[PDB]
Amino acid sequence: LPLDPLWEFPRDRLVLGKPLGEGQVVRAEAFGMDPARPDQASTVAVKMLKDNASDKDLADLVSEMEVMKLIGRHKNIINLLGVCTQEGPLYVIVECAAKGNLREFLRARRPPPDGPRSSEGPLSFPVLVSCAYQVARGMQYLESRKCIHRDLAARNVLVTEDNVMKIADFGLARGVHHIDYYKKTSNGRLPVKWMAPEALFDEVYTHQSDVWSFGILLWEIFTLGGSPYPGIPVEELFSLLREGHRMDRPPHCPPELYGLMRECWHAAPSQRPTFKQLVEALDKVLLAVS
């Protein structure tokens, strides 16, 4: 690979730490990511190939690198910090999100008797709305750069130490012509439950397909990390989607938010809100509840 001086970062300024998940992602310390503070430490996440990697895996990581170079920076996405391409393995260095993904963030903070605050869990309605608003802003940014995520879900939204939402894994080759719809992950996720019907049935992806997935994500937020289509296996999901099935309104979810969910799941993609409209609708709610 050729040297791109805009992005190249010396690999000896990285100290790799414990893995985060699986290419594979490992936490690391970086020294001098800001060239004005060359000895300053920061914590970053490093994407790299697995040991068993094929040349297709390498081309996929290179392609994700190139996408991330072109996407530019935004507060509500995981941003590219640097790359290591010379004289060693390929590393793509990105922001680290210290609280992990939004699904695990919410599930760990579900509401609960000593003291005056015993009924009070960590999550409040305005902060849930803010999480949704920040994801919509991130997606509005990605859309403006012509990026379709294709698997927007709470597990692909990461949370920083300051509760900033950052969309992750938006630049990936997703193998859309060879999806195993019955695939269950090691944590029990069925990713087909986030796919818009035009994507699932017709292999068509647009920004409006991401809007459908955003509606599923909204339902995940207001169930505090619930799994969508409760109890419905994939075979039944296909039949229910052909019949126009939609999820019920979650408990303790105001009708403004369930209304937004149902708009995101309108059958016609043109009848779903845009991300610009979702940003505006969620900002109105967020401002009203301060």
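We call the rigid core the largest set of C-alpha positions that still match within 1.5 Å between the two forms. Don't overthink the numbering: it's just position in the shown sequence, from 1.
K.L.:
Return whichever of 197-205 or 166-174 has the larger RMS Cα deviation from the displayed form in 4 other deposited structures of this protein, where every structure is aligned on the rigid core.
P.N.:
Higher average C-alpha offset in 4 other deposited structures of this protein goes to 166-174.
K.L.:
Which of these two stretches, 48-56 or 248-256, has the larger RMS Cα offset in 4 other deposited structures of this protein when the rigid core is kept aligned?
P.N.:
If we average over structures and residues in 4 other deposited structures of this protein, the farther stretch is 48-56.
K.L.:
Is there a break between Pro112 and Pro113, and how many deposited residues does it span: none, 1 to 3, 4 to 9, or 10 or more?
P.N.:
Gap between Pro112 and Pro113: 4 to 9 unmodelled residues.
K.L.:
What number of deposited residues lacks coordinates in the span between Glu22 and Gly23: none, 1 to 3, 4 to 9, or 10 or more?
P.N.:
In the deposited sequence, 1 to 3 residues between these two have no coordinates.
K.L.:
On average, are the C-alpha B-factors higher in 147-155 or in 178-186?
P.N.:
Here the higher of the two C-alpha B-factor means belongs to 178-186.
K.L.:
Between 203-211 and 168-176, which has the higher average C-alpha B-factor in the PDB entry?
P.N.:
Result of the comparison: 168-176.
K.L.:
Of the choices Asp248, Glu256, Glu66, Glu236, which one's C-alpha carries the largest B-factor in the record?
P.N.:
The record points to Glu66.
K.L.:
I'd like to know which of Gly100, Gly138, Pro126, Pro89 has the highest C-alpha temperature factor in the PDB entry.
P.N.:
Highest C-alpha B-factor among the listed residues goes to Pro89.
K.L.:
Within this chain's modelled residues, let me know which third the CA B factor of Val15 belongs to: lowest, middle or highest.
P.N.:
Ranked within chain, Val15 CA B lands in the middle tercile.
K.L.:
Could you say whether, by C-alpha temperature factor, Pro197 belongs to the lowest, middle or highest third of its chain?
P.N.:
Answer is lowest: the recorded C-alpha B-factor places it there.
K.L.:
Considering only modelled residues of the same chain, in which third does the CA B-factor of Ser118 rank: lowest, middle or highest?
P.N.:
It belongs to the highest third of the chain when residues are ordered by C-alpha B-factor.
K.L.:
Based on the deposited C-alpha B factors for this chain, I'd like to know if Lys50 is in the lowest, middle or highest third.
P.N.:
CA B-factor rank for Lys50: highest third.
K.L.:
Could you look up the Cα B-factor of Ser42 in the entry and say which third of the chain it sits in: lowest, middle or highest?
P.N.:
Middle third - that is where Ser42 ends up once the chain's C-alpha B-factors are sorted.
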